[PDB]
RNA sequence: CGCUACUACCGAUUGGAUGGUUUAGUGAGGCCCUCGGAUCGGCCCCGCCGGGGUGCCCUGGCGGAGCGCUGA
RNA sequence: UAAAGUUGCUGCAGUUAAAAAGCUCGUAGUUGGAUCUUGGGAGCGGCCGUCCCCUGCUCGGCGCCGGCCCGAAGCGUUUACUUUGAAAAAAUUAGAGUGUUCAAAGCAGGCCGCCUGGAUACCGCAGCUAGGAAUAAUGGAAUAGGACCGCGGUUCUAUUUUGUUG
RNA sequence: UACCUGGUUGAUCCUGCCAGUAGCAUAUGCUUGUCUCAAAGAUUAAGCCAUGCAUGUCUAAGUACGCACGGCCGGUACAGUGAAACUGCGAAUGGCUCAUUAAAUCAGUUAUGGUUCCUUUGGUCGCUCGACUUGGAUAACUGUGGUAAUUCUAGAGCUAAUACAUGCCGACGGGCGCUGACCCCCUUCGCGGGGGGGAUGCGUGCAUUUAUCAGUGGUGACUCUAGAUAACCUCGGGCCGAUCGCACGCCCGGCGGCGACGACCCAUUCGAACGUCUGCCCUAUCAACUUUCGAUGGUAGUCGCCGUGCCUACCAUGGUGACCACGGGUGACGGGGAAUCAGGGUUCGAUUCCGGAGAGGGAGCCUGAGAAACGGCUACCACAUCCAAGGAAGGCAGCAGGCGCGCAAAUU
């Protein structure tokens, strides 16, 4: 191509959207925004595939242009707006609030949060910058340039912003024994305490993470997010709790739940 | 001794015309735990493409090879021998890729056969993308 | 047009390439500025990304820096003397980066004579008849004459610059690219640099 | 050796036809630089009279030309 | 494409069926003899089988009266090999679930609003990572510019130190 | 399912091939009731194309005096529906094809500390110390036209801006660097020594460009980020808002909510570009090739968005090769993949996903964040269309469709 691409093919769409094969040639190409193309979940796919409030993508145009949807504290009217990790979708006329947390499989799930929980969100910082007059700058994983932050906050720490004001309230520092949601790679959706940092000058630093059933696993430090100091998370967690039961144990629990229920 | 070009040769950073009443030398640690040599700091040479006393940063790949030619000026040809696996004939074949690599004149005593470590950087010339980081001398050759 | 392509030319091995695509845009050459010494003519060029780039074609002044005591002034460029790259870009007086140009001294001589309060240049025998900078050499207060005296103690300039300030023309090294930024900024040659470039101008002379 | 048939081969013909690369000579057209200056202005000038202030001045509508200046 | 072990790595042939150069030397290529950690200390099960151990040198915590026990970052031959880990688009293939009426398909569906699914594997080589050290290469001390020792000296120099300022 | 079988002989055992055997994917023959999916002008000609269509677009919110429609509390302009036209944005995606292309493309793998980036998202947007809203064109409109002809346009009369231009007030009262009149206090017989206030003037924000000095935050490492000094400021000219809409209020004219649009710079996103390591088919009846029209280096420039022989000038004589360079061929776009397949393999991949390339052949450029764009423009070469013979117009390897080519492929 001799400029930017404006279409996304249904087949070339990321697997974690769980778009079917047969409905359309094209997938909703996420608009440019805070989250990456292959790490986001467009508003349309949340609004008509996950929750099924719409039937078509013209229904999603009617929902969003009534201004009933409010992603992380501000009303958007774009059907292909990239809503990503830790974002809070507040559908206000229904009186509902959803956090985009990764399920134990790599998808984003329908995680309903309370109106009090929906007022703050947790943001991993990407870099520390010194602005034009000695002004310290954070940049979060969702492109928030927050200036005059606490000096103890360094890269790979998470900060708790209040949506309404956009100012930091608390922060977890990247230290051992802290909870870690894995937000990239094979372990996408795991939750466990950080047990080891392994430095690599030049190459990528890897981080071993012990789980709530002693299931230790590694991950590239790029693909890591700290969700609470020690063993207490600062968010509410979906069922499975990022523990990742095996396919043999999944089969066992699904079979036990079906036979016992009736 | 030096400055045989038509233009004046100097380090760009260090300023050498301060009012008075030995010139100071710019160097740096290259990173990756590779020691800046003595001849880089104590020496009087001036090379824009030295990874210790020049405008070049080592990033990405660290490789090695054997110094095979030293006839180009300020740069050498190394030779990387490896084994490619043909899976039909469940065996290896001996294959080589010789690459032109820049040789910083802080490495004053380098002979052909010496196992040199090289660092990926920005392209210094048409065919050069690698600076020499350290030289380990050949098997024996203490004399 | 005139291309900046890596594909039009042979490989390490000496094997010619067959070109797989026609000249791209971003693989671009624009004709050389070859900026001269004359009344300021600078042509703005649109470049990649809708950003601007100022082709100086004539340029007669420049913000040159006297790095010894860290002063810089807008000074007239009068002559190109020496170019290390091409010997024929001296006859055709083309300003490029790392040119050796004669510039005016009078902004620096003015600064020196106002800051140090000592007669610099000024061939021995003559006076200043307007009596302006003659009064700016004299007539200070109690403690500020002491400030000028403490400054005067360590106010020695090199005999090389003393000669050049006397003729009214310093040697300067162009540091900016007048082809690119449209400016002819630089620094004044001193110490080993000045001795080097005076030796190269002397060798070219005969 | 002889008859029939087929297939390649050789070669007189400084053979012929589709191409491609190229020495040399010419070289459309764009682009850049450079000199351009058709044309269109706006300005200072005095010829003409007011409103107002007091012959002088701040100005409002009508034309002139040194093309005088500079602009596109 | 298999059949074709009639292209032969697995895996073919070469006395006579087609096939070993007339003979020798010879540089790349390919392949290369043997040899350098072993006997144990400890426990469980019924003499045997699995398990724990045979390198040292800034800051901390099971602490004790500057040291010892322990953890963390770093230093610690080079690979090849093997094992693990990270990472690697989907679609396809393998494959989990699911009565599209069956099936190819599909990614849906199922309960008198709710309950779920949209798994997982594989992804040659090369690059990254941490175990193992048999096998195969490779290294050293042989005019000793060999170690590990504490010593005598020299040159440059963080500055801890003279109530504060030379 | 790890499979063979007929054929040289009078008969025999062999070698060995021919022929059978089963897919698969192109053609074609004959036959064809139901139903569900579904390939389909790739192979030959990236050959030529009639005709139609395939990229346009308006919200409360840039610009409404078309009476084309249309309400009445109008004189404090503009009710509202609104064609056209200006402005903005898009037209660089999508679609098609596989000609070129053999370390190229592409794949895994890294880098960008070597670059650019409309948009989106979040920052910034009284940080500079020095008009209660400016200028005059132009289009639709109206009206005279010309040519045989085109999505050809010319002259004249008007009139809009978020078009093109120009530009102030406020914050604003003062800080901070020099300057430096003046003046104060202490020691000395005094000069001298030593320490504070200070009129005036010159500068000062971010961005651009150069030089210097010191060493807030960050990396494995910057000549990083930030700081300070000195300045510079492209007249073909960085920013600091002369913009629009909703509901409108409180306050002795000031002050304010919720937006839309625009904007320097930073980050983010979408990317794109150029590099790292490794990997490709046949060919030796291709063994030496590359190099003063750059070959491999070095130095300094030019150009470029940046890195670099990318291109100059001057030096150096290098670089690649039996581990197959260089040249040639390819019925070669590459990959994910497909067919067969015990274990190995063999063959194919024009074809819906990713990446690349091209629009009849080369070439050049405009505009824009993005093009060397062809449903953009300018030539040349080729072929071809209207013509009143002066000229004008072209690009189906888009969807249909036609001709041609063919063994070979569907509805204007």
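Numbering, chain B: per Swiss-Prot, residues 3-23, 32-153 in sequence.
Structure method, as recorded: electron microscopy, 3.2 Å.
Cβ atoms here come from the backbone N, Cα and C positions, even for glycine.
Annotated citrulline per Swiss-Prot: B:22, in sequence order. Note: residue B:22 (citrulline) has no non-local neighbours, i.e. no same-chain residues 6+ apart with C-beta under 8 A of its own C-beta.
Neighbour list (residue B:38 (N6-acetyllysine), Cβ cut-off 8 Å, at least 6 residues apart, same chain): B:46, B:62, B:63. For B:38 (among others), the entry in Swiss-Prot reads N6-acetyllysine.
The Cβ of residue B:45 (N6-acetyllysine) lies under 8 Å from the Cβ of B:144, each of these being in the same chain and 6 or more residues away along the sequence. The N6-acetyllysine annotation in Swiss-Prot covers B:45 (among others) and is backed by similarity to another entry.
Annotation source Swiss-Prot lists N6-acetyllysine at B:58 (among others), citing similarity to another entry. Look at residue B:58 (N6-acetyllysine): DSSP puts it in coil. Within the same chain, residues at least six positions away from residue B:58 (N6-acetyllysine) with a Cβ under 8 Å of its Cβ are B:14, B:64, B:65, B:66.
The S-palmitoyl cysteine annotation in Swiss-Prot covers B:60. Spatially close to residue B:60 (S-palmitoyl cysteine) yet at least six residues away along the chain are B:50, B:66, B:114, B:115, B:116, B:141, judged by Cβ distances under 8 angstroms.
Counting every protein chain shown, 13 other Cβ atoms lie within 10 Å of the Cβ of residue B:67 (phosphoserine). Per Swiss-Prot, phosphoserine is recorded for B:67 (among others), and the stated evidence type is similarity to another entry.
According to Swiss-Prot, the feature omega-N-methylarginine maps to B:69. All chains included, 13 other C-beta atoms sit within 10 angstroms of the C-beta of residue B:69 (omega-N-methylarginine).
What Swiss-Prot lists as phosphoserine is B:110 (among others), and the listing cites similarity to another entry. Note: residue B:110 (phosphoserine) has non-local neighbours B:82, B:85, B:86, B:87, B:135, B:137, B:138, i.e. same-chain residues 6+ apart with C-beta under 8 A of its own C-beta. Secondary structure at residue B:110 (phosphoserine), taken from DSSP and collapsed to helix, strand or coil, is strand.
For chain A, the nearby modified residues by a Cβ gap under 8 A, listed in sequence order, are B:69, drawn from B:22, B:69, B:110.
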